[PDB]
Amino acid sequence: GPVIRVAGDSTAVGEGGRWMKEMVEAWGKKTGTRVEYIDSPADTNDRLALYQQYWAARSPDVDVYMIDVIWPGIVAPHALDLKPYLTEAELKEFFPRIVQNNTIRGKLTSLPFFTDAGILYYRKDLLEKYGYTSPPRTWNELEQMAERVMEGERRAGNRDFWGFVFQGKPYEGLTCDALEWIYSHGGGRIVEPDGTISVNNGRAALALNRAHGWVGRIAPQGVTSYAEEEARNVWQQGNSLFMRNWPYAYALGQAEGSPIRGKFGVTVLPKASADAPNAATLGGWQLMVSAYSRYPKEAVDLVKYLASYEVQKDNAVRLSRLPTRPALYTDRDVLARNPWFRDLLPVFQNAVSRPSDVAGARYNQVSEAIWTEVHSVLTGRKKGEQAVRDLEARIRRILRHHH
């Protein structure tokens, strides 16, 4: 019978790829359908390029793809429209914001699978040790805490200890971290939903100069090559006071044999001042049936299974990844395992989006511009003022004649 082949998630990021393969195998066993899992590189932008090889070829060699929240406007031609396959009631069980994100010129490109938002991880044992009662609310506070805790932990002999780790590598994750910096300084959304390229302003420039000021000071010099897992591994070994990362890191830090098990909490990222907005960049992944799949019916069945209540529950309980079904946020088992899902639900709902809707199919080019200009500030090549002016000019060229 048919072999249903799935490309999604990566065995190089946490347990996501292993868990995904397990879920696809469970569907295959449940339905008596052969399945195969195709692995992917860690970074989302490398995955996009890989999957674009399949799509360009109209390849039938992958039936189901796990696609990033930023991709629908790029990948729509390659997606089977799912709208005819779901009832209005089925579709209402997901967050409407994500269903809307995944709908491009009427085509339901993909079902919401898990959402994501950037959050602050903090070592509560260390905050207590050094006389702090709450995590930092402002970036200045985060810097002051990091400097004091670092000074003490270095003096006590942990030469591997840093104050803050984050994603500073030149790739899509840096666009995520930088949106949070810029937005949390009142510097805007880089490209506004209306199309205005707003990034050339002094608040955005200050945000980027501040992040430069971390590098080699409270954050490792090598932070400029960190993606999610590099940051996580310094954190998880017990070598950072603070980390910016996504929800998946929580379950991994609580696992038996983690050096930091029981020693951390999570909160919203800091912001420049009390009247700036909170920033958490919206992430997450969706499930797309290939337009080139020879087995659309079977593939839609697998996608509905993966997106179901019990598979998303399993994702929440075991991998601390955020459901796209509001009903799961009231599930007693989800909440007992992850109480912080309730505490931060409003942060998740108010997550700020990257400019993928407004840039549409040109988003990847826009983002490459952003992460390269931001990276030039982190590396000390440019000051924030020059980088936001140069970025404005690049994005203007990229989006000229796009509506």
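Residue positions are given as counts along the sequence shown, with the first one as 1.
The PDB entry records a higher mean C-alpha B factor for 152-160 than for its counterpart among 152-160 and 194-202. Per the PDB record, of the two stretches 74-82 and 88-96, 88-96 carries the greater mean B-factor over its C-alpha atoms. Of the candidates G284, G106, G118, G168, it is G106 whose Cα B-factor is highest according to the PDB record. The top Cα temperature factor in the record, among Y122, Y329, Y130, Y250, falls on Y130. The PDB entry assigns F242 a C-alpha temperature factor belonging to the lowest third of its chain's modelled residues. Per-chain ranking of the deposited C-alpha B factor places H375 in the middle third.
Among the modelled residues of its chain, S353 has a C-alpha B-factor that falls in the lowest third according to the deposited record. Ranked by Cα temperature factor within the chain, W181 sits in the lowest third according to the deposited record. In this PDB entry, the Cα temperature factor of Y363 sits in the bottom third of its chain's modelled residues, the lowest group.
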